[PDB]
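Heads up: the structure comes next, in structure tokens.
Order of appearance sets the numbers: ligands from 1, and atoms from 1 within every ligand. Order of the sequence lines sets the chain letters (A, B, ...), proteins ahead of strands, with each chain counted from 1.
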Amino acid sequence: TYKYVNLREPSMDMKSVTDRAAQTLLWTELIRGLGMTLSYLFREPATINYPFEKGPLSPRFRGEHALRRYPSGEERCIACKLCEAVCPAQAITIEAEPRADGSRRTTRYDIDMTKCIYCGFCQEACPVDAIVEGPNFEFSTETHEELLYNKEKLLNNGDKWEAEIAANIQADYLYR
Amino acid sequence: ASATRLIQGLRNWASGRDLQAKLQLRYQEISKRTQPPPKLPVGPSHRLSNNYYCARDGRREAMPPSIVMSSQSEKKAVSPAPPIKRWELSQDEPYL
Amino acid sequence: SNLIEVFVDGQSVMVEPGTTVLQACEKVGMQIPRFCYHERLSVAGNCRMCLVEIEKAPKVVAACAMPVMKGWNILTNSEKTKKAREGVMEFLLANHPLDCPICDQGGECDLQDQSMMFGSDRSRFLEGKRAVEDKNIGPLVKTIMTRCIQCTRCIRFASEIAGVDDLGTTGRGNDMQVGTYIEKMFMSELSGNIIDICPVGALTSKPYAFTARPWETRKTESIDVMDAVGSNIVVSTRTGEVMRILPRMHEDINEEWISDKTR
Amino acid sequence: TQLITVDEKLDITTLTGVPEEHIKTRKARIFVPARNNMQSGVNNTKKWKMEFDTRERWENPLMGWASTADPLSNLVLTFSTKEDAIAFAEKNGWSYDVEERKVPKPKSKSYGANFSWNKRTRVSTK
Amino acid sequence: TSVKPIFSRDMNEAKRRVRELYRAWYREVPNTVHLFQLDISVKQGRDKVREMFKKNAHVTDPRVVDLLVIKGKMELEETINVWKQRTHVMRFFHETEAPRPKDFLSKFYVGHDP
Amino acid sequence: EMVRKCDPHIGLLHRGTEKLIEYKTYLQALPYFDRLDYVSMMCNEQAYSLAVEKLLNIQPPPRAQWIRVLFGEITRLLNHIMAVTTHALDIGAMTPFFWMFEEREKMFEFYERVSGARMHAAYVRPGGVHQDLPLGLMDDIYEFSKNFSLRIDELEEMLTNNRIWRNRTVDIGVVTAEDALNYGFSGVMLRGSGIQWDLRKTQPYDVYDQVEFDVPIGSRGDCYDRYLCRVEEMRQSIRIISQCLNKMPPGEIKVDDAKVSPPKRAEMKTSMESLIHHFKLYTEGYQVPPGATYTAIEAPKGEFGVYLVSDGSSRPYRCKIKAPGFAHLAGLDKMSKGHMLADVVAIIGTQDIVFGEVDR
Amino acid sequence: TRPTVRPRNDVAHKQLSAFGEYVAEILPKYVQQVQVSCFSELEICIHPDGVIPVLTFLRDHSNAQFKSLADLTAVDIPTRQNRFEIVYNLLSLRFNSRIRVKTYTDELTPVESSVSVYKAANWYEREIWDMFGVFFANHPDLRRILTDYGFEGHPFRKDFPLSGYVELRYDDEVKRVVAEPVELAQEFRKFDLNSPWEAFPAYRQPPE
Amino acid sequence: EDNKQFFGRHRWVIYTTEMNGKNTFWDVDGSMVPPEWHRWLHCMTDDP
Amino acid sequence: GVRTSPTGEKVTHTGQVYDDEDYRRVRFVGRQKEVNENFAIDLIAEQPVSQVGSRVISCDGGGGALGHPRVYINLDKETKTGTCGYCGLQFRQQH
Amino acid sequence: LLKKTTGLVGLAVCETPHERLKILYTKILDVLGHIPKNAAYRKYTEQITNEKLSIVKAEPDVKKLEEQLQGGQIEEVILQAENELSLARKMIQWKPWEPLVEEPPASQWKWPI
Ligand code: SF4
Ligand code: SF4
Ligand code: SF4
Ligand code: SF4
Ligand code: FES
Ligand SMILES: [K+]
Ligand SMILES: [Zn+2]
């Protein structure tokens with residue numbers, strides 16, 4: 001249930017002594033190292049051609065956030081603030097009021113993408129699949145406040161990526 | 001996988017290993033990126049009878065710790081457990 | 001003194017005659033679960049959440065209503081007490097709507113909290129639920145009667161404290177609905193306090209509706225100035241903005257109520 | 001001997017690293033928090049709490065967030081008795097005010113009182 | 001009221017340790033101004049040392065001033081060995097901070113703080 | 001040339017993690033543990049999960065326990081690749097770094113398939129794992145494991161018999177057994193010095209008593225025996241991963257106590273109790289009965305422990321995090337005496353030191 | 001209670017209760033309490049004058065041999081007059097067991113340094129100086145280990161705020177990283193999450 | 001596609017030289033992929 | 001149904017627009033105010049009222065477990081429709 | 001049989017383990033006689049040291065003595081005897097069989113608070 005690494009007492013017959021001395025004087029293990037490096041010289045490398053080739057992702061991937069809509073145009077967020085109670089970073093700021101037809105809807109849905117730890121507790125705490133953490137990861141900005149999303153930016157990410165987000169949720173929701 | 005047999009033999013000679021049987025680049029042996037939908041099973045408490053929660057309440061069987069000594073014969077000296085059994089050397093590969 | 005000795009889980013307590021089982025367990029620091037019992041309303045005995053085993057007695061008793069007899073050992077944590085609590089919580093969550101995210105009572109609901117504490121964690125209910133028509137009892141109390149668990153604190157408050165006698169139960173059975181039976185506007189001077197004692201989101205505050213949520217509100221204990229009674233209140237705020245005003249209990253002023261002007 | 005005698009008042013304000021403004025201008029409030037009247041449970045009335053006076057929260061010009069400058073605006077301390085909280089406030093140099101624990105006085109509950117013969121305490125319905 | 005001490009038995013040994021720590025800081029200040037190449041004078045840094053010693057002058061507990069001497073030796077050890085940078089030494093001089101309102105009227109004008 | 005004293009100044013990544021844990025619930029404080037030993041993410045998840053599940057008096061289902069052991073050994077492969085390749089990269093052997101980070105890249109693809117993040121998964125939770133293994137994942141884990149021994153073999157061909165790698169590691173940083181136990185060393189730091197101790201054998205957790213593996217024991221206490229122990233632990237992790245793939249049971253992956261683990265999303269949108277429990281677990285969180293555990297697991301750097309104190313509420317009262325790297329970097333000063341300055345980078349390499357768990 | 005409930009280990013509970021009696025009767029000068037948790041962990045709560053005689057016992061005694069110091073911890077509990085709770089976690093590799101040695105101090109009473117028993121403690125209790133402010137007497141190099149060099153206060157004390165009192169920024173006027181009083185653009189939002197219903201009746205404290 | 005290339009090389013995009021008014025002959029951008037091809041190219045599915 | 005202030009700034013679905021004398025319009029100088037032009041209050045008004053022959057209807061928003069928690073709506077009022085609290089789809093008893 | 005190595009780094013092979021254990025056990029008992037007879041430490045340590053000394057006197061073979069002393073290698077049994085001797089020499093100076101020096105306060109070990 002255990003083994004002894006490096007507890008080999010070497011042989012002292014003239015065969016093994018001359019083998020070790022030929023290894024010392026003729027550099028056998030150094031040529032073994034050169035052979036392994038030469039072996040990787042003639043291998044096809046593992047380099048994908050980014051941006052033209054992309055690294056493989058799964059439908060569970062947790063990237064850029066997006067507020068979704070029902071298949072009628074109505075937004076799914078019913079202002080229940082579970083995503084900001086569960087948020088380990090307190091990145092989500094929510095303020096709500098009844099809108100002009102009496103629906104429980106948010107007026108403030110902020111996510112600070114520089115507080116966010118991208119762990120997806122908001123999409124798994126959301127009872128109506130409103131906030132999701134979509135598949136976009138290429139959204140680097142040049143300014144800090146461009147990573148401070150309001151409700152307009154998140155609903156635009158939903159409208160921008162819904163054709164992908166709905167298919168990822170369709171592929172994954174029986175594991176959830 | 002697209003290596004010609006001259007470079008393939010040179011590469012297998014330089015490594016000392018048959019490299020083509022175990023390629024570190026991945027090809028059509030891997031799983032499909034589109035899978036069929038699963039049917040995940042339910043747990044043991046998904047029953048309609050003999051499923052009262054007071055018979056499976058783990059948090060409410062936690063007791064406060066038993067105070068063994070508090071400041072308000074020829075009995076045997078004890079250890080915190082029996083002594084540890086000496087480990088057996090590996091039958092698989094002991095390096096011996 | 002004429003105090004009689006009863007036992008709560010073995011521990012002795014001396015009680016005045018007329019003390020209920022619930023108050024006797026209160027005197028040793030155990031709060032028996034309840035939905036219809038309120039210590040400032042009359043005893044209704046009609047939610048059955050306080051069903052508790054007295055030992056050497058093969059029937060659970062309504063702890064809010066049953067007075068203690070001398071020598072009873074109240075088993076608040078025994079097996080059939082917990083089975084009774086889980087059964088009654090199961091019947092309360094049979095026809096109750098899945099409205100917890102769109103409900104103003106979420107996080108401050110008695111039904112959620114003592115469903116987490118004293119009920120089961122899943123449903124055996126495989127049927128369709130009831131849906132109850134909502135009412136319009138004024139511009140203050142938002143009414144969503146599908147959430148009502150029929151505990152009649154409405155009726156006991158509007159009769160006994162508000163002195164209005166205009167809320168009641170119509171119908172019979174599962175079709176029994178708490179309301180005014182007519183398009184009637186329940187505007188007393190204490191009409192907002194039914195938002196307090198309703199344990200569920202059936203009676204919510206129509207100004208406070210949807211704006212906040214209880215865990216994120218800071219509670220500042222303050223004083224009413226809307227009259228010279230000096231009602232103790234909680235100003236609950238959120239991020240530097242006043243969200244609502246609740247009462248504080250003060251036994252000598254406002255017992256646990258406030259007026260509609262204050263609220 | 002190996003024990004010294006210090007008959008001075010216990011004061012550790014020079015050791016806690018707290019600046020002067022957040023010692024001598026703050027008013028700690030030692031109180032049992034009231035029961036939320038949204039609920040009937042009483043487990044949040046069991047312990048004493050020490051909080052401080054609220055300072056200014058203003059609007060963030062960029063997002064509308066609640067900006068603060070009070071480090072003690074989220075500091076709530078839990079104490080088992082009133083005297084432990086008073087000792088902890090006096091030890092840290094916090095000027096404090098104490099509100100007494102307001103337990104509810106015991107009620108007189110009678111289910112038969114709902115159905116009396118001559119008293120006003122009858123229920124008109126049930 | 002019988003407590004276990006830290007180093008000092010009463011206030012006299014405590015003031016002795018305060019005094020030797022003050023001697024060590026007073027000797028160290030020109031070395032600190034040189035090797036951190038601070039833009040203050042030696043007299044300005046010595047006035048800051050006198051200020052940091054007079055800030056805690058109200059303490060009559062021997063254990064509390066023993067801990068103040070211990071933390072002062074720790075700050076001195078972080079100063080002599082170059083463990084602080086120039087920034088940690090100059091944080092004693094609150095130089096980017098605007099001067100706070102002191103009287104009632106200016107505190108009334110700026111805000112709500114007492 | 002000699003080293004008379006080594007004073008390591010740390011706190012350059014002290015973030016006050018375990019004070020931030022005190023203001024967040026147990027689920028909310030779970031992703032702080034991914035960020036402590038940031039090359040051993042799911043192992044620290046497993047240690048915190050076992051601490052909370054010990055205090056909750058509940059247990060994971062068997063399939064969740066096998067998933068935790070499978071991904072703990074995948075995590076151990078990740079961490080020992082990081083250990084060996086950066087310890088070689090600092091000395092100068094820069095090439096097996098690039099050779100083994102493709103294998104490490106494929107194991108991050110495994111993490112991303114099973115959780116959605118490549119490093120900080122938040123996948124092993126108190127109650128089980130968050131989500132079940134997607135289809136075709138275990139087949140690809142098998143396809144990885146079928147090839148990975150040859151990668152270890154060519155790593156070992158580049159370093160182990162090399163005389164330059166031996167000269168930088170054989171006489172360097174010798175730790176005796178008594179001073180290893182006295183300095184609070186754990187893992188390979190003990191096992192390189194001859195001490196037959198492994199927490200997966202002695203104080204076993206989830207299903208480690210049902211896997212068969214060996215424990216590599218060094219003989220001289222140096223950098224070279226600790227290197228050989230880490231390489232052989234990659235071998236034995238491949239052995240345990242084969243046993244986990246063959247003995248994976250069917251069933252659920254969370255505990256079926258819906259007052260601890262959240263319900264499925266289909267039944268949360270159907271059942272009343274499930275919606276109440278979903279609400280209360282994602283807003284308040286489950287209450288934990290009051291008590292103090294010290295739950296320690298065998299993380300790939302050593303004994304990773306959590307002294308978790310619960311006051312009876314839904315948030316931790318205290319959460320002390322014992323890291324192996326703290327005691328190892330404390331013992332750095334004894335381990336480097338009498339050595340040269342270029343030996344110190346080998347000694348800092350052979351103690352697998354990651355400063356997130358050192359500093360918290 | 002098979003599938004979802006943790007199985008109770010009565011054998012280890014009996015063995016740890018017996019060894020707790022053993023330690024309590026060998027060392028009655030300092031042992032104040034001995035308790036065993038329901039998940040079978042032994043705690044020996046001692047007097048702080050016996051930090052060294054207890055720990056040297058458990059490290060050296062042939063029925064104990066707690067040769068490993070796994071962890072050393074303080075816990076700030078402000079409602080006690082001795083608010084700091086020093087926690088030693090010990091591992092016996094011989095008997096495959098763990099013990100917990102708990103003691104107490106306030107801000108001003110020193111605890112004796114246990115580097116004479118476990119040199120592993122050299123940083124740990126030093127961290128207890130840095131985070132909690134507990135002084136350790138006869139320590140080799142007692143100073144800060146994790147906080148910044150000019151840091152005022154002990155952060156893991158529960159009266160210390162979450163964000164500190166100061167924050168850093170670079171200032172180009174003085175060409176220096178400077179410290180200023182902390183202002184947060186968004187305040188940390190405090191969540192009162194505790195339910196008003198009793199969760200665990202076994203842990204009920206008796207009322208006044 | 002080229003399914004004889006290894007996994008990672010087997011799918012790629014040659015970006016357009018003009019998208020939304022910007023000349024992208026040399027300024028190719030990874031965010032030029034529309035979301036319907038972003039599943040296929042990142043191998044979240046087999047199906048274009 | 002996005003509209004426009006006299007400042008030229010677009011008004012969001014909340015109703016948010018800065019005042020003319022508010023300095024914080026300077027953040028949109030040289031840049032744009034990102035608003036979403038799909039107002040959900042107008043898009044759920046476009047949906048027709050579902051005539052059902054039952055007295056109590058159940059709504060889950062479609063998609064089964066991809067919609068919302070399933071709720072039951074009473075249709076005994078004839079003046080008012082039965083609006084779902086989650087998705088805003090409103091129902092009517094046909095008799 | 002002259003075991004080549006102990007396996008533990010820094011722990012050398014003891015050439016005469018039996019006489020070394022006998023000397024250390026008699027020296028432990030000789031030091032331990034200076035502790036009062038009512039002390040539980042003396043009773044327990046005399047009991048376990050008499051058991052170990054009788055096992056050492058009852059076995060000529062080294063490896064069988066290792067299996068029935070139940071402490072691993074014989075050299076770490078010797079090391080534990082040295083540690084027990086140093087411990088007992090400290091226990092004489094500490095005198096920990098005395099009564100409890102100070103009661104803790106009334107809610108000192110009350111958890112949760
Ligand atoms: S995004 Fe989801 S969880 Fe968050 S408030 Fe909206 S509906 Fe609730
Ligand atoms: S992914 Fe996590 S940190 Fe980010 S917004 Fe969601 S819950 Fe908050
Ligand atoms: S009243 Fe309570 S249980 Fe009912 S929907 Fe509202 S929060 Fe949920
Ligand atoms: S509306 Fe509320 S208070 Fe009135 S009977 Fe129903 S549950 Fe009780
Ligand atoms: S509380 Fe007694 S029955 Fe409702
Ligand atoms: K209500
Ligand atoms: Zn709907």
Please could you name the atoms of ligand 2 that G120(A) approaches to less than 4.0 Å, counting only its heavy atoms? 1 (S), 2 (Fe)
Please could you name the atoms of ligand 5 that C64(C) approaches to less than 4.0 Å, counting only its heavy atoms? 1 (S), 2 (Fe), 3 (S)
Would you call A63(C) a ligand 5 contact, heavy-atom distance under 4.0 Å? no
In ligand 2, the atoms that come under 4.0 Å of a heavy atom of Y118(A) are 1 (S), 4 (Fe)
Could you tell me if the side chain of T25(F) sits less than 4.5 Å from the side chain of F191(G), heavy atoms only? no
Given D99(C) and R147(C), is the salt bridge (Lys or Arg N to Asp or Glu O under 4.0 Å) satisfied, shown in steps? CA-CA 8 Å; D99(C) 286 335; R147(C) 296 169 189 170; 3.6 Å; yes
Contact between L155(A) and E75(A) at the side-chain level, heavy atoms closer than 4.5 Å - yes or no? yes
Using heavy atoms and a threshold below 4.0 Å, how should the contact between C47(C) and ligand 5 be classified: side chain, backbone, both, or neither? both
Do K142(C) and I137(C) touch side chain to side chain, with heavy atoms closer than 4.5 Å? no
One thing to verify: whether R189(G) and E84(A) come together as a salt bridge, which I'm taking to mean a side-chain N less than 4.0 angstrom from a carboxylate O. yes
Can you count the protein N, O or S atoms that lie less than 2.8 Å from atom 8 (Fe) of ligand 2? 1
Can you list the ligand 2 atoms lying under 4.0 Å from a non-hydrogen atom of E133(A)? 1 (S)
Consider only side-chain N and O atoms of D110(C) and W197(G), and report whether a donor and an acceptor are under 3.5 Å apart. yes
Less than 4.0 angstrom from a charged side-chain N to a carboxylate O is my criterion; do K269(F) and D129(A) meet it? yes
closest protein heavy atom to atom 3 (S) of ligand 5 is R48(C) N, 3.1 Å
Strictly by modelled atom types, are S120(C) and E273(F) linked by a side-chain donor-acceptor pair under 3.5 Å? no
Show me which atoms of ligand 2 lie under 4.0 Å from any heavy atom of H65(A). 1 (S), 4 (Fe), 5 (S), 6 (Fe)
If you measure only the distance, is there a donor-acceptor pair under 3.5 Å linking the side chains of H38(C) and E256(C)? yes
Does a side-chain N-to-carboxylate-O contact under 4.0 Å join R244(C) and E108(C)? yes
Salt-bridge criterion met for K280(F) and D113(C) (N-O under 4.0 Å): yes
Between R156(C) and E160(C), is there a side-chain N and carboxylate O pair less than 4.0 Å apart? no
Test salt bridge (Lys or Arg N to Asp or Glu O under 4.0 Å) on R125(F) and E124(A); report intermediate values, then the result. CA-CA 14 Å; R125(F) 301 195 183 185; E124(A) 75 189 10; 2.5 Å; yes
Can you tell whether the side chains of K109(D) and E39(C) come within less than 4.0 Å, N to carboxylate O? no
Near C50(C), which atoms of ligand 5 are under 4.0 Å from a heavy atom of that residue? 1 (S), 2 (Fe), 3 (S)
Residue portion contacting ligand 2 (non-hydrogen atoms closer than 4.0 Å) for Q123(A): neither
Where does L22(C) meet ligand 5, judged by heavy-atom distances below 4.0 Å: at the side chain, the backbone, both, or neither? neither
Close-contact set for ligand 5 against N46(C) heavy atoms, below 4.0 Å: 3 (S)
Think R60(A) forms a cation-pi with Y175(A), using NZ or CZ under 6.0 Å from the six-ring centre and within 45 degrees of its axis? yes
Under 2.8 Å from atom 4 (Fe) of ligand 3, the protein N, O or S atoms, given as residue and atom: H96(C) NE2
